[PDB]
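A, B, ... follow the sequence lines: proteins, then strands. Residue 1 opens every chain. Heavy-atom basis, side chains included; hydrogens, waters and symmetry copies ignored.
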Protein chains: 2
Amino acid sequence: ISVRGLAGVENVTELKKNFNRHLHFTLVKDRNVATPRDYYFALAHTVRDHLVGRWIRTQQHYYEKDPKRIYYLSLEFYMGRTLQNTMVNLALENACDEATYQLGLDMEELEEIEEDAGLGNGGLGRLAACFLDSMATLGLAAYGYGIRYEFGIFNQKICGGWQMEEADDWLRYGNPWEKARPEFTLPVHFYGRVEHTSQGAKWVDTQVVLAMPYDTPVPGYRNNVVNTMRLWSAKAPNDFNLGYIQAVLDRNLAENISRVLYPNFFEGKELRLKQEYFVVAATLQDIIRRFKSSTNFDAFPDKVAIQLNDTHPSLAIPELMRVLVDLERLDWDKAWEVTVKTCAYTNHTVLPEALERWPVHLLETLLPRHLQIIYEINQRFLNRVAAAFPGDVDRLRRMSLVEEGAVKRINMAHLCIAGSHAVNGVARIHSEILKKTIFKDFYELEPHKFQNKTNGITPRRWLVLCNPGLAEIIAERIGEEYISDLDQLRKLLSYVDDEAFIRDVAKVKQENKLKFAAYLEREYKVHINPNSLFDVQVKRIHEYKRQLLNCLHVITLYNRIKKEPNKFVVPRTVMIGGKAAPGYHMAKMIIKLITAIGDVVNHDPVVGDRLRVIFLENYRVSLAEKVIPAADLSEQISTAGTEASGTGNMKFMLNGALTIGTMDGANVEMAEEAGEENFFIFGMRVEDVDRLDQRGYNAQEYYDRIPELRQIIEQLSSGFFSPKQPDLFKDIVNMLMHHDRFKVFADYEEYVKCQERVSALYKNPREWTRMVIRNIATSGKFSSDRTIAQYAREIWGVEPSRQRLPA
Amino acid sequence: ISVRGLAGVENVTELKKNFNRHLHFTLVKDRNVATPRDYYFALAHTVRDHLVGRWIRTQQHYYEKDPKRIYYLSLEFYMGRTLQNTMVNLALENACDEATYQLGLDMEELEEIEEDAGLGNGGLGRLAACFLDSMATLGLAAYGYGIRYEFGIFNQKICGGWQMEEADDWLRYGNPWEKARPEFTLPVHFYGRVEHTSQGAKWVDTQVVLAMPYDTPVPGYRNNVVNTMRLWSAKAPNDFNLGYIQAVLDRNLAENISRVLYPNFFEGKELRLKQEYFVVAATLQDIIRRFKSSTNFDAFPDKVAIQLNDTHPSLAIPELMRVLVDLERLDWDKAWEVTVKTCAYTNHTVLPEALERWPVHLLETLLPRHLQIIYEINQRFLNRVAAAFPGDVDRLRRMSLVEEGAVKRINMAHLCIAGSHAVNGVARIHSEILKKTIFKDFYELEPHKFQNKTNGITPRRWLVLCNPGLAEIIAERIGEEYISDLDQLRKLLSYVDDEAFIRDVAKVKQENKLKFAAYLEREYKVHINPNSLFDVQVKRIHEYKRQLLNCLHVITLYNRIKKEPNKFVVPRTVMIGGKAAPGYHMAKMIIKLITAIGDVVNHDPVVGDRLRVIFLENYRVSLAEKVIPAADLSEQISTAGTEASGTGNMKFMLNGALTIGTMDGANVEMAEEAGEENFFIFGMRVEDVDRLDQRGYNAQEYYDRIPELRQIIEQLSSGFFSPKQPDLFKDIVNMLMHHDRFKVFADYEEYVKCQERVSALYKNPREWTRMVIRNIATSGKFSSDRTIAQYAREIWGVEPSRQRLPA
Ligand SMILES: OC[C@H]1CNC[C@@H](O)[C@@H]1O
Ligand SMILES: OC[C@H]1CNC[C@@H](O)[C@@H]1O
């Protein structure tokens with residue numbers, strides 16, 4: 001039927017009978033009482049059965065071959081739905097489609113019933129998810145380790161234009177993909193004290209929390225490789241607190257560790273630290289167990305790589321030291337050599353308020369042995385700084401893992417650099433910034449540590465799965481090899497003047513837009529013109545992402561329409577979506593502003609259907625898979641030097657949207673690949689930002705010289721968008737005028753003018769589409785298969801493989 | 001192979017391949033890594049598959065036939081293990097035995113891995129479990145409704161002779177028998193306030209807790225009937241408490257409702273009341289839902305029977321009134337007529353401190369509408385008392401549902417009597433006591449309400465399952481019909497002089513004793529002589545059960561041995577087991593005393609192996625199934641008038657033990673059935689107890705006149721059994737001498753002398769066994785099939801059926 005595999009008579013028949021088996025025996029239902037949910041679950045279990053044989057054989061294969069194992073430690077895995085992805089990677093999609101059709105069911109309908117696994121906040125968690133997909137596809141013996149949160153990222157409800165948070169009870173109906181492994185429960189220790197004795201230190205009088213693993217299969221693309229994601233759940237020991245009733249009820253305290261994912265500004269809360277240690281301690285025991293079945297720890301770095309995703313699992317470094325020194329009785333220097341060689345660290349931001357700095361008094365109480373080890377690491381590290389740069393006393397204080405001040409803190413990023421053989425940023429510009437500024441001192445001491453690994457996205461989920469129409473028209477011309485080798489899309493360059501292809505690309509986009517326009521009316525009763533330019537900015541709500549700069553453009557368009565109503569303008573649907581962190585007042589104000597503009601714009605009779613402002617509620621992976629293929633314009637407009645990479649940008653590029661963006665994060669490499677003529681770049685570069693900070697940013701200057709901007713500010717201040725509460729947006733205006741760290745006004749003019757260029761191109765469908773083809777054609781670099789191949793070869797010391805395991 | 005069904009070639013082959021299917025696909029295991037637990041789970045799932053077809057067909061059958069539905073409401077269901085019971089009732093035991101043997105596995109070994117479902121304390125909960133079995137066996141459309149406690153009755157550990165409690169984390173490895181039904185979640189309301197309006201009262205500003213059902217199958221004996229036990233689990237709503245993190249963590253508060261089973265003295269704790277209302281509110285919604293699919297509530301009592309097991313679900317009465325009056329808008333008198341006709345109440349004790357009396361101020365806050373309804377019930381009920389007995393002012397205060405005093409209380413038993421068309425005791429003597437004393441006033445007002453339903457036990461679990469050896473030798477002579485018609489055991493009377501049978505009965509007992517003797521050494525490293533008389537008292541530790549009277553006999557034997565060491569005595573193993581409630585100090589002291597006697601007796605060289613005292617740790621259903629078939633002597637020695645029925649007594653009778661007991665509870669009917677000559681009855685009758693209370697019980701009198709008793713007390717006081725802590729047992733001595741409500745000393749002489757009679761009979765194996773045959777032969781009355789047949793006909797108005805549903 002498509003790129004979605006074969007629907008063989010033997011297979012369809014077999015799928016139908018296993019479906020019916022599961023509905024009967026597994027769900028305990030008859031057809032007369034079954035709901036669409038029961039049908040979803042029956043399909044899920046049928047597809048799951050096809051995984052297990054390969055899953056068992058994969059893990060047996062690693063035991064025999066004993067390859068180097070890669071452990072990817074993250075506190076976030078933003079997986080989304082699993083059903084379709086599993087079908088795609090197993091080549092079962094057409095077969096299941098046929099089998100369900102023959103049972104009289106719509107598969108697409110059943111797919112919508114699946115809950116997102118939302119065990120992440122955004123980019124970091126989605127990166128981990130793409131990475132797992134790519135690692136299985138490239139045949140690496142890799143394991144994702146994290147926490148099985150019982151509540152993922154909150155569901156966002158918009159009420160009166162305000163964000164409301166709702167617990168994401170994703171496990172309510174059960175999770176068919178996971179397998180509880182209560183038999184492999186491990187203990188994790190907290191609190192206690194350190195005893196020194198005849199042969200070394202001993203950590204005693206600890207409280208024990210049990211870590212229970214749950215295993216989820218991670219299938220590679222059509223290679224019969226199925227890797228494991230292991231997520232730990234907190235359980236109280238059976239003698240815990242052991243009137244009687246309270247002791248039993250107080251078990252909840254220990255089990256709170258895995259209850260909820262922390263939303264995205266660093267807050268030093270005890271439960272977060274407990275989560276961080278919990279994942280690290282249980283994971284390392286598992287790592288070591290598996291190594292001992294392979295004791296000379298000299299070979300440890302030959303058999304084990306540990307990748308620290310951000311500083312969240314940074315306690316892996318002193319935990320590994322603790323185990324090697326205190327328990328295995330290795331000498332400090334050998335243990336340290338092993339530790340540095342096995343660990344690598346990925347930095348994910350340059351925003352200072354995101355840097356993890358734990359108060360010493362917290363670590364003192366919770367992890368007293370780990371504090372001692374950290375002090376010792378610091379001492380020996382600073383002795384090395386001192387010898388390399390004698391007399392440089394300020395370097396010593398800058399490089400210290402211990403920050404003095406009001407409260408003493410441990411800098412977890414400094415810990416990670418010292419205890420890892422590799423440190424990488426997530427895009428070229430970001431990795432350069434790391435070496436030039438934030439970690440300049442560390443780079444000078446150990447230049448060899450510092451690398452770049454530009455982020456990527458998986459072409460399975462982010463093309464084949466969410467945009468089958470585009471996947472198919474591409475397959476027609478160049479075949480199917482590109483799915484696991486996205487560089488082949490370059491071959492599409494020879495079709496940029498092909499009138500048939502141009503027509504098809506544009507047709508697929510139109511179908512996508514019509515499909516999404518329908519979804520909006522069906523699920524949210526909101527009306528949109530599907531012939532308008534779909535202008536979309538979807539990502540977390542943050543001041544650095546400048547949803548506010550978008551808001552200023554939108555208002556400019558509205559004000560230009562009201563000034564010259566009978567003048568022609570390219571019609572646009574501007575869609576903005578994303579969650580604000582619960583405590584982030586300003587982000588919550590931006591959402592209210594967006595809806596408030598919509599309230600005015602969407603009901604102005606003069607505007608007509610020429611301009612529409614829609615806030616996309618409850619943005620998440622499943623919604624991303626719907627809007628991204630429908631987008632014409634991708635808004636990637638962070639202040640230059642603030643967005644480490646971005647990954648949403650790459651998803652839009654692959655799906656036929658043109659990009660308006662600053663020279664920030666991966667936008668730089670994206671524009672470099674496609675050619676700048678095929679991108680809408682505007683605004684300050686990093687160097688212009690630095691220049692502005694030196695002179696001093698004065699927002700008033702822009703307000704004074706730009707009349708169109710002045711009008712918008714006065715509209716906001718006077719209550720134009722808030723008639724009942726005239727001063728509603730005083731906080732926003734005040735920040736823009738006096739306290740704007742992200743220089744919204746400084747890029748306003750170039751942004752508005754660049755937007756005019758976008759609109760002019762959209763008037764010429766043929767030339768828009770040819771530029772689109774030029775973007776899709778050069779998106780190959782941004783496959784996570786490329787990213788992971790680079791980690792494997794340049795960091796982990798292993799060779800990827802496209803070789804299939806026997807079915 | 002036995003009474004355990006056919007092992008057909010077709011069936012064995014099919015069981016083996018489904019076993020392997022489940023191990024592979026369901027457990028995700030290979031044979032090389034599988035533990036015995038995995039094998040247990042693979043067998044459990046294979047057997048479970050055979051239930052579901054019949055389960056679905058049973059429930060479909062009830063929907064079509066629309067019979068009267070029986071709802072059995074209990075806060076306790078003491079189910080034990082399910083695997084063997086399911087095999088037995090499905091006739092799959094020999095087939096699975098063969099199939100597992102051929103896979104190279106020992107089924108008995110796998111059976112021991114299953115955790116007890118310990119969702120009850122003792123007799124009340126086990127009664128509910130036997131009742132469910134019998135109701136399915138008799139083809140009644142019956143449902144067990146309760147709470148899915150995540151922690152059942154605590155595991156008892158004995159440490160230094162002291163009881164320690166350990167959380168019973170029974171769900172740790174999962175429960176293959178249950179099916180979550182998240183789709184049938186119902187809301188339950190707490191707190192709030194009552195508004196009065198134009199058309200009646202309205203309960204508003206409530207907090208909502210969700211009730212999520214879990215369904216467990218209940219198979220009848222070989223009739224293809226599979227009924228449902230539905231257990232509610234508490235879930236927080238998704239907007240609950242909705243900084244953000246705390247709101248999510250505080251969800252635990254609502255979910256604490258179903259966290260833990262309260263152990264067995266009435267404590268008026270809020271969480272217990274919440275549990276009581278939670279089960280009642282969710283259950284009644286389900287009851288009504290199912291009735292509306294059958295609105296004229298006149299027919300409600302024709303289609304619905306609700307059995308209140310004790311006063312724990314007594315809130316069903318005002319809850320049903322609330323729904324009918326406030327929501328369905330029926331007039332008070334019609335609603336009340338419906339309520340009385342649908343509800344029936346079973347009383348389970350005469351001990352005053354066990355009676356549930358809830359403080360008004362608690363109900364005021366938690367259930368304000370229900371309080372109003374209760375006051376109205378009381379008012380109308382007392383108007384009826386006043387008219388029937390004019391001027392009798394003390395009757396009015398005695399009969400009131402509202403008790404005045406320090407705190408105002410609601411008497412839940414008075415509520416149950418007023419709102420039910422039937423009230424029953426659980427044995428003839430108990431039901432007579434109810435009418436003569438505790439509820440005399442109520443019986444005088446409404447004599448027709450009061451009935452008796454003598455308890456019973458299921459012959460499936462308590463003969464076939466736990467004593468296959470005895471089941472088989474019985475089947476040889478009289479066939480298999482007795483399993484579902486236990487009255488047929490009378491036919492064994494014609495074998496009392498049969499030398500072959502006598503030999504077989506005695507052989508089975510010896511095998512049972514040797515089997516248990518081995519278990520003791522294997523699992524607890526304790527040594528016993530299997531040729532000794534197995535003297536066993538197993539049940540909850542309470543002063544009324546008089547484990548202390550047993551302790552006095554044991555010490556008497558020891559002291560008689562030490563006085564005349566070279567004199568011959570019948571060797572005995574005295575085994576005592578049972579849990580003490582966590583707050584019950586005296587019960588905890590009795591356990592310590594038992595172990596303390598063992599400490600002295602078991603290591604006295606002079607005693608030899610003539611006397612042994614063993615405390616049976618962690619008594620529960622699975623342990624009951626092991627010790628009961630091994631017992632020679634059943635100790636049923638409560639003070640006359642305190643044990644409402646007992647059910648352990650009946651289990652021992654069925655399994656070839658002789659009974660030493662008082663004329664209490666069901667002992668009276670047991671001795672009546674077998675003939676008193678075939679029982680060892682001793683001690684005061686109820687009337688002798690009354691006589692002693694009138695004169696005043698003086699323990700000193702017995703101490704003064706009985707030298708052997710004086711010696712024991714002085715041994716206890718001086719520290720004979722506690723050399724390090726001489727005064728350890730001062731509390732026990734003091735209670736016996738001055739504060740003994742249960743007249744231990746008053747029965748001492750007759751008990752010791754009666755025990756001598758037991759020992760004399762044990763010296764004559766042939767005559768012991770002939771008396772044993774006489775007991776087994778007349779145990780038929782005590783089948784729960786008989787009990788349930790009586791409820792069905794005399795209370796619920798339905799006819800039992802032995803007719804098989806199609807396979
Ligand atoms: O590296 C993944 C993401 C982490 N947060 C900042 C983003 O720029 C980045 O793409
Ligand atoms: O009715 C079941 C049991 C309840 N508790 C007291 C016992 O005598 C009785 O058998």
Derivation and outcome, side-chain hydrogen bond (donor to acceptor under 3.5 Å, both in side chains), residues B/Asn121 and B/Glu76: CA-CA 7 Å; B/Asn121 283 290; B/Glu76 301 190 21; 2.9 Å; yes
Given that the side chain runs from C-beta out, which part of [X] has a heavy atom under 4.5 Å from chain A: side chain, backbone, both or neither?
| X | answer |
| --- | --- |
| B/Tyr244 | side chain |
| B/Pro263 | side chain |
| B/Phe25 | both |

Please determine, among [options], the option with the most heavy-atom pairs under 4.5 Å with chain B.
| options | answer |
| --- | --- |
| A/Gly53, A/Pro182, A/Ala247, A/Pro237 | A/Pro182 |
| A/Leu242, A/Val33, A/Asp49, A/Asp38 | A/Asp49 |
| A/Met212, A/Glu165, A/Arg251 | A/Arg251 |
| A/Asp239, A/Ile245, A/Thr35 | A/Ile245 |
| A/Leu271, A/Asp169, A/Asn252 | A/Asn252 |
| A/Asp215, A/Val260, A/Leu51 | A/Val260 |

Please examine the side chains of [Y] and [X], heavy atoms only from C-beta on, and report whether any two atoms are closer than 4.5 Å.
| X | Y | answer |
| --- | --- | --- |
| B/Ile147 | B/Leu231 | no |
| A/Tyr143 | A/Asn227 | no |
| B/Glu115 | B/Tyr173 | no |
| B/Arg21 | B/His45 | no |
| A/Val28 | B/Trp55 | yes |

Flag, side chain of A/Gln163 to backbone of A/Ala580, donor-acceptor distance under 3.5 Å: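 Present.
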With a 4.5 angstrom heavy-atom cut-off, is it the side chain or the backbone of [X] that approaches chain B, or both, or neither?
| X | value |
| --- | --- |
| A/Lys157 | neither |
| A/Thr26 | backbone |
| A/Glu183 | both |
| A/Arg37 | neither |
| A/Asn32 | side chain |

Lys NZ or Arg CZ of A/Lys579 over A/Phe154 ring: under 6.0 Å, within 45°: yes
Pair B/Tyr584 and B/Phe265, ring centroids less than 6.0 Å apart: no
